[PDB]
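**Q** My structure is in entry_17.pdb, and what it holds is PDB, C-alpha atoms:
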```
ATOM      1  CA  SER A   1       0.000   0.000   0.000  1.00  0.00           C
ATOM      2  CA  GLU A   2       3.072   2.318   0.366  1.00  0.00           C
ATOM      3  CA  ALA A   3       4.676   0.784  -2.781  1.00  0.00           C
ATOM      4  CA  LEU A   4       1.437   1.621  -4.743  1.00  0.00           C
ATOM      5  CA  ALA A   5       2.267   5.369  -4.278  1.00  0.00           C
ATOM      6  CA  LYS A   6       6.095   4.979  -4.684  1.00  0.00           C
ATOM      7  CA  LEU A   7       5.706   3.226  -8.114  1.00  0.00           C
ATOM      8  CA  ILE A   8       4.826   6.601  -9.759  1.00  0.00           C
ATOM      9  CA  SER A   9       7.497   8.618  -7.826  1.00  0.00           C
ATOM     10  CA  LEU A  10      10.266   6.456  -9.467  1.00  0.00           C
ATOM     11  CA  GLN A  11       9.676   8.068 -12.940  1.00  0.00           C
ATOM     12  CA  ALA A  12      12.715  10.038 -14.268  1.00  0.00           C
ATOM     13  CA  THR A  13      12.221  13.735 -15.368  1.00  0.00           C
ATOM     14  CA  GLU A  14      14.133  14.088 -18.710  1.00  0.00           C
ATOM     15  CA  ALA A  15      14.831  12.057 -21.928  1.00  0.00           C
ATOM     16  CA  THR A  16      17.301  12.255 -24.924  1.00  0.00           C
ATOM     17  CA  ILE A  17      15.631  12.642 -28.384  1.00  0.00           C
ATOM     18  CA  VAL A  18      17.906  11.893 -31.405  1.00  0.00           C
ATOM     19  CA  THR A  19      17.229  13.496 -34.824  1.00  0.00           C
ATOM     20  CA  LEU A  20      18.815  12.843 -38.266  1.00  0.00           C
ATOM     21  CA  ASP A  21      19.164  15.806 -40.717  1.00  0.00           C
ATOM     22  CA  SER A  22      21.274  14.808 -43.825  1.00  0.00           C
ATOM     23  CA  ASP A  23      20.945  11.027 -44.106  1.00  0.00           C
ATOM     24  CA  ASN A  24      21.501   8.109 -41.641  1.00  0.00           C
ATOM     25  CA  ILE A  25      25.117   9.550 -41.685  1.00  0.00           C
ATOM     26  CA  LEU A  26      24.130  12.483 -39.343  1.00  0.00           C
ATOM     27  CA  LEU A  27      22.953  12.178 -35.703  1.00  0.00           C
ATOM     28  CA  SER A  28      22.085  15.150 -33.412  1.00  0.00           C
ATOM     29  CA  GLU A  29      20.681  14.954 -29.826  1.00  0.00           C
ATOM     30  CA  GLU A  30      18.235  16.976 -27.573  1.00  0.00           C
ATOM     31  CA  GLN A  31      17.605  16.433 -23.810  1.00  0.00           C
ATOM     32  CA  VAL A  32      13.902  17.287 -23.107  1.00  0.00           C
ATOM     33  CA  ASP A  33      11.358  17.168 -20.240  1.00  0.00           C
ATOM     34  CA  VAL A  34       9.238  13.936 -19.931  1.00  0.00           C
ATOM     35  CA  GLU A  35       6.033  15.816 -21.027  1.00  0.00           C
ATOM     36  CA  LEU A  36       7.655  16.809 -24.412  1.00  0.00           C
ATOM     37  CA  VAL A  37       8.743  13.340 -25.737  1.00  0.00           C
ATOM     38  CA  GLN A  38       6.147  11.350 -27.796  1.00  0.00           C
ATOM     39  CA  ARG A  39       5.327   7.618 -28.375  1.00  0.00           C
ATOM     40  CA  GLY A  40       6.966   7.816 -31.836  1.00  0.00           C
ATOM     41  CA  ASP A  41      10.509   8.924 -30.668  1.00  0.00           C
ATOM     42  CA  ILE A  42      13.684   6.763 -30.062  1.00  0.00           C
ATOM     43  CA  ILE A  43      15.634   7.554 -26.848  1.00  0.00           C
ATOM     44  CA  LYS A  44      19.236   7.091 -25.549  1.00  0.00           C
ATOM     45  CA  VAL A  45      20.029   5.683 -22.093  1.00  0.00           C
ATOM     46  CA  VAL A  46      23.539   6.117 -20.550  1.00  0.00           C
ATOM     47  CA  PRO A  47      25.643   4.232 -17.900  1.00  0.00           C
ATOM     48  CA  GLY A  48      23.981   5.014 -14.510  1.00  0.00           C
ATOM     49  CA  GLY A  49      20.823   6.610 -16.092  1.00  0.00           C
ATOM     50  CA  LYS A  50      17.170   5.922 -15.023  1.00  0.00           C
ATOM     51  CA  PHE A  51      14.090   5.208 -17.219  1.00  0.00           C
ATOM     52  CA  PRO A  52      11.178   7.813 -17.467  1.00  0.00           C
ATOM     53  CA  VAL A  53       8.843   5.435 -19.467  1.00  0.00           C
ATOM     54  CA  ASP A  54       8.628   1.751 -20.551  1.00  0.00           C
ATOM     55  CA  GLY A  55       9.722   0.516 -24.023  1.00  0.00           C
ATOM     56  CA  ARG A  56      11.455  -1.897 -26.463  1.00  0.00           C
ATOM     57  CA  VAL A  57      15.285  -2.128 -26.906  1.00  0.00           C
ATOM     58  CA  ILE A  58      16.969  -2.158 -30.383  1.00  0.00           C
ATOM     59  CA  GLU A  59      20.734  -1.565 -29.691  1.00  0.00           C
ATOM     60  CA  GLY A  60      23.122  -2.554 -26.837  1.00  0.00           C
ATOM     61  CA  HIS A  61      23.464  -4.977 -23.909  1.00  0.00           C
ATOM     62  CA  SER A  62      23.143  -3.327 -20.430  1.00  0.00           C
ATOM     63  CA  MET A  63      22.158  -4.995 -17.152  1.00  0.00           C
ATOM     64  CA  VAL A  64      19.077  -3.271 -15.666  1.00  0.00           C
ATOM     65  CA  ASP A  65      18.122  -3.126 -11.954  1.00  0.00           C
ATOM     66  CA  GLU A  66      14.306  -3.631 -11.685  1.00  0.00           C
ATOM     67  CA  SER A  67      14.265  -5.149  -8.124  1.00  0.00           C
ATOM     68  CA  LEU A  68      11.366  -2.917  -6.851  1.00  0.00           C
ATOM     69  CA  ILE A  69       9.324  -2.859 -10.131  1.00  0.00           C
ATOM     70  CA  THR A  70       9.316  -6.621 -11.037  1.00  0.00           C
ATOM     71  CA  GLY A  71      10.892  -7.915  -7.768  1.00  0.00           C
ATOM     72  CA  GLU A  72      13.983  -9.465  -9.504  1.00  0.00           C
ATOM     73  CA  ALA A  73      16.722  -9.215  -6.803  1.00  0.00           C
ATOM     74  CA  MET A  74      19.175 -10.477  -9.493  1.00  0.00           C
ATOM     75  CA  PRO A  75      19.415  -7.664 -12.157  1.00  0.00           C
ATOM     76  CA  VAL A  76      18.174  -8.417 -15.704  1.00  0.00           C
ATOM     77  CA  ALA A  77      20.446  -8.504 -18.793  1.00  0.00           C
ATOM     78  CA  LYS A  78      19.181  -6.848 -22.041  1.00  0.00           C
ATOM     79  CA  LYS A  79      19.937  -7.147 -25.820  1.00  0.00           C
ATOM     80  CA  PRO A  80      18.615  -5.764 -29.177  1.00  0.00           C
ATOM     81  CA  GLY A  81      15.041  -7.192 -29.330  1.00  0.00           C
ATOM     82  CA  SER A  82      14.479  -6.785 -25.498  1.00  0.00           C
ATOM     83  CA  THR A  83      11.991  -4.855 -23.215  1.00  0.00           C
ATOM     84  CA  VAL A  84      12.257  -2.435 -20.203  1.00  0.00           C
ATOM     85  CA  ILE A  85      10.114  -0.576 -17.573  1.00  0.00           C
ATOM     86  CA  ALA A  86      10.194   2.934 -16.032  1.00  0.00           C
ATOM     87  CA  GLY A  87      12.046   3.571 -12.719  1.00  0.00           C
ATOM     88  CA  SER A  88      14.672   0.827 -13.383  1.00  0.00           C
ATOM     89  CA  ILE A  89      18.445   1.658 -13.514  1.00  0.00           C
ATOM     90  CA  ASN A  90      20.814   1.175 -16.543  1.00  0.00           C
ATOM     91  CA  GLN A  91      24.595   0.280 -16.386  1.00  0.00           C
ATOM     92  CA  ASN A  92      27.455  -1.107 -18.604  1.00  0.00           C
ATOM     93  CA  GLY A  93      26.218  -1.845 -22.173  1.00  0.00           C
ATOM     94  CA  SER A  94      24.307   1.373 -23.334  1.00  0.00           C
ATOM     95  CA  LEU A  95      20.846   0.879 -24.924  1.00  0.00           C
ATOM     96  CA  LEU A  96      18.504   2.510 -27.532  1.00  0.00           C
ATOM     97  CA  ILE A  97      14.769   2.423 -26.555  1.00  0.00           C
ATOM     98  CA  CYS A  98      11.797   3.079 -28.898  1.00  0.00           C
ATOM     99  CA  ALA A  99       8.966   4.653 -26.821  1.00  0.00           C
ATOM    100  CA  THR A 100       5.376   3.233 -27.171  1.00  0.00           C
ATOM    101  CA  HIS A 101       3.826   4.988 -24.093  1.00  0.00           C
ATOM    102  CA  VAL A 102       4.188   8.545 -22.614  1.00  0.00           C
ATOM    103  CA  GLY A 103       4.598   9.646 -18.930  1.00  0.00           C
ATOM    104  CA  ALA A 104       0.817   9.366 -18.264  1.00  0.00           C
ATOM    105  CA  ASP A 105       0.081   6.417 -20.685  1.00  0.00           C
ATOM    106  CA  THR A 106       2.907   4.155 -19.282  1.00  0.00           C
ATOM    107  CA  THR A 107       2.463   0.470 -18.347  1.00  0.00           C
ATOM    108  CA  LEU A 108       3.754   1.676 -14.899  1.00  0.00           C
ATOM    109  CA  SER A 109       0.394   3.551 -14.579  1.00  0.00           C
ATOM    110  CA  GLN A 110      -1.374   0.402 -15.922  1.00  0.00           C
ATOM    111  CA  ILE A 111       0.183  -1.771 -13.109  1.00  0.00           C
ATOM    112  CA  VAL A 112      -1.157   0.486 -10.246  1.00  0.00           C
ATOM    113  CA  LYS A 113      -4.752  -0.312 -11.403  1.00  0.00           C
ATOM    114  CA  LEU A 114      -3.970  -4.068 -10.864  1.00  0.00           C
ATOM    115  CA  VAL A 115      -1.853  -3.652  -7.638  1.00  0.00           C
ATOM    116  CA  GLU A 116      -4.812  -1.828  -5.973  1.00  0.00           C
ATOM    117  CA  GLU A 117      -6.951  -5.039  -6.041  1.00  0.00           C
ATOM    118  CA  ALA A 118      -3.885  -7.112  -4.885  1.00  0.00           C
ATOM    119  CA  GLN A 119      -4.392  -6.002  -1.202  1.00  0.00           C
TER     120      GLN A 119
END
```
Could you take the file, read its structure, and then write that structure out as structure tokens?

**A**
Amino acid sequence: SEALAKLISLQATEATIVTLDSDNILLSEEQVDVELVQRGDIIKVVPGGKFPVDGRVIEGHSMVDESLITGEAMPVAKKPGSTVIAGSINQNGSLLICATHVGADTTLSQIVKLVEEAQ
């Protein structure tokens, strides 16, 4: 019943958008607030960075600490063709995430509908 509130507090505040402007040869980055990224953008995550939303992974191989969110006390390894959740912690392997939900629309907000009836 305390976790049910804390789930939403774990969301990170900013995200890195990456934009191409010549061909696939040019890459340029913007850090933005979590309200300004959309569910059609692709986002960078760095060593030690936290997740603001859920999504699917399509570059890299980091180990992610999700021990509150999913309960895994043994941190989860990722790959291209993998999945992640908001409020988990990234390290060593640097990933690219395509966003399919926003800060309101997140599966993290979907879980707290289900975790209410768990008590």

**Q** Given the file shown, determine the residues that the PyMOL selection byres ((chain A and resi 34) around 9) selects; report them as a PDB file with C-alpha atoms, in the frame of the given file.

**A**
```pdb
ATOM      1  CA  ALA A  12      12.715  10.038 -14.268  1.00  0.00           C
ATOM      2  CA  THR A  13      12.221  13.735 -15.368  1.00  0.00           C
ATOM      3  CA  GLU A  14      14.133  14.088 -18.710  1.00  0.00           C
ATOM      4  CA  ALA A  15      14.831  12.057 -21.928  1.00  0.00           C
ATOM      5  CA  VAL A  32      13.902  17.287 -23.107  1.00  0.00           C
ATOM      6  CA  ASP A  33      11.358  17.168 -20.240  1.00  0.00           C
ATOM      7  CA  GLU A  35       6.033  15.816 -21.027  1.00  0.00           C
ATOM      8  CA  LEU A  36       7.655  16.809 -24.412  1.00  0.00           C
ATOM      9  CA  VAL A  37       8.743  13.340 -25.737  1.00  0.00           C
ATOM     10  CA  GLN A  38       6.147  11.350 -27.796  1.00  0.00           C
ATOM     11  CA  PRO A  52      11.178   7.813 -17.467  1.00  0.00           C
ATOM     12  CA  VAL A  53       8.843   5.435 -19.467  1.00  0.00           C
ATOM     13  CA  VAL A 102       4.188   8.545 -22.614  1.00  0.00           C
ATOM     14  CA  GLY A 103       4.598   9.646 -18.930  1.00  0.00           C
TER      15      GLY A 103
END
```

**Q** I'd like the residues picked by the PyMOL selection byres ((chain A and resi 16) around 7) written out as a list in words, using the chain letters and numbers from the file.

**A**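 Those residues are residues 15, 17, 18, 29, 30, 31, 32, 43 and 44 of chain A.
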
**Q** Could you check which of A:87, A:49, A:80, A:75 is closest to residue 61 in chain A, using all atoms listed in the file?

**A**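 When distances to residue 61 in chain A are compared using all atoms listed in the file, the smallest one comes from A:80.
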
**Q** Between CA of residue 82 in chain A and CA of residue 97 in chain A, what distance in Å does the model show, to one decimal?

**A**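 So the answer is 9.3 Å.
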
**Q** Closest to residue 63 in chain A among A:86, A:51, A:119, A:95, using all atoms listed in the file?

**A**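 So, comparing all the options, the nearest one is A:95.
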
**Q** Write out as an mmCIF file with C-alpha atoms, keeping the file's coordinate frame the residues lying within 10 Å of residue 70 in chain A, counting all atoms listed in the file and excluding same-chain residues fewer than 3 positions away.

**A**
```
data_model
loop_
_atom_site.group_PDB
_atom_site.id
_atom_site.type_symbol
_atom_site.label_atom_id
_atom_site.label_comp_id
_atom_site.auth_asym_id
_atom_site.auth_seq_id
_atom_site.Cartn_x
_atom_site.Cartn_y
_atom_site.Cartn_z
ATOM 1 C CA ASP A 65 18.122 -3.126 -11.954
ATOM 2 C CA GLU A 66 14.306 -3.631 -11.685
ATOM 3 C CA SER A 67 14.265 -5.149 -8.124
ATOM 4 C CA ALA A 73 16.722 -9.215 -6.803
ATOM 5 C CA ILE A 85 10.114 -0.576 -17.573
ATOM 6 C CA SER A 88 14.672 0.827 -13.383
#
```

**Q** One decimal, Å: what's the distance from CA of residue 19 in chain A over to CA of residue 45 in chain A, could you say?

**A**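 Atom-to-atom, CA of residue 19 in chain A and CA of residue 45 in chain A are spaced 15.2 Å apart.
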
**Q** Just give me the gap between CA of residue 78 in chain A and CA of residue 62 in chain A in Å, one decimal is fine.

**A**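 CA of residue 62 in chain A lies at a distance of 5.5 Å from CA of residue 78 in chain A.
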
**Q** Give the answer as one residue: which of A:11, A:24, A:94, A:1 has the shortest atom-to-atom distance to residue 57 in chain A, using all atoms listed in the file?

**A**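 Under the stated criterion, the closest residue is A:94.
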
**Q** Of the residues A:108, A:10, A:89, A:98, which is the one nearest to residue 41 in chain A, using all atoms listed in the file?

**A**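 Nearest to residue 41 in chain A: A:98.
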
**Q** Could you pull the residues within 12 Å of residue 115 in chain A, counting all atoms listed in the file, minus those fewer than 6 positions along the same chain, as a ChimeraX atom specification?

**A** /A:1-5,7,69,108-109

**Q** What's the 8 Å shell around residue 47 in chain A, counting only C-alpha atoms, without same-chain residues fewer than 5 positions away, as a ChimeraX atom specification?

**A** /A:90-94
